[PDB]
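Undergrad: experimental structure and sequence below.
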Amino acid sequence: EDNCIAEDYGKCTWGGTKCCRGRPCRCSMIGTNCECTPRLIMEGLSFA
C-alpha cells in the first residue's frame, strides 16, 4: 500500500492523508485546504 504525503509543504487535510514519515499538518491562509509542516513544537513534531 502506497498513499502518503511525502512533503513538508504538500497539500493535506485534517482527517485526510497526513505526511508520510509521521509528519504533521497546519492549514493554508484561509483555514480549510491544509498543507504539510516538517516539525511543530507542542503537538505535532517529526515522526509521531
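TA: The structure has been received and is ready for your questions. Residues are numbered from 1 along each chain as shown.
Undergrad: residue ranges for the strands of this structure, please.
TA: Using DSSP state E, the strands found in the chain span residues 25-27, 34-36.
Undergrad: what's the most buried one of those strands?
TA: Ranked by mean neighbour count under mean count of other C-beta atoms under 10 Å, the strands of the chain are led by strand 34-36, which reaches a mean of 19. Any C-beta I mention is one placed from the backbone N, CA and C, and that applies to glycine too.
Undergrad: for that strand, name the packing helices and strands.
TA: Using 3 or more C-beta pairs under 8 Å, 6 or more residues apart in numbering; DSSP states H and E, the elements in contact with strand 34-36 are strand 25-27.
Undergrad: what's near enough to touch residue 41?
TA: By C-beta atoms under 8 Å, 6 or more residues apart in numbering, the contact list for residue 41 is empty.
Undergrad: ok, and the closest non-adjacent residue to the residue nearest to the spatial centre of the chain?
TA: The residue lying closest to the centre of the chain (C-alpha atoms, centre = their mean) is residue 25, at 2.8 Å. Closest residue to residue 25 apart from its sequence neighbours, by C-beta to C-beta, 6 or more residues apart in numbering: residue 12 at 4.2 Å.
Undergrad: for burial, what's the neighbour tally of that neighbour?
TA: Using other C-beta atoms under 10 Å, residue 12 is surrounded by 23 other residues.
Undergrad: list the contacts for it?
TA: 5, 18-19, 25, 34-36.
Undergrad: run the last query once more with 10 Å
TA: With contact set as C-beta atoms under 10 Å, 6 or more residues apart in numbering, residue 12 has these partners: 5, 18-19, 23-28, 33-37.
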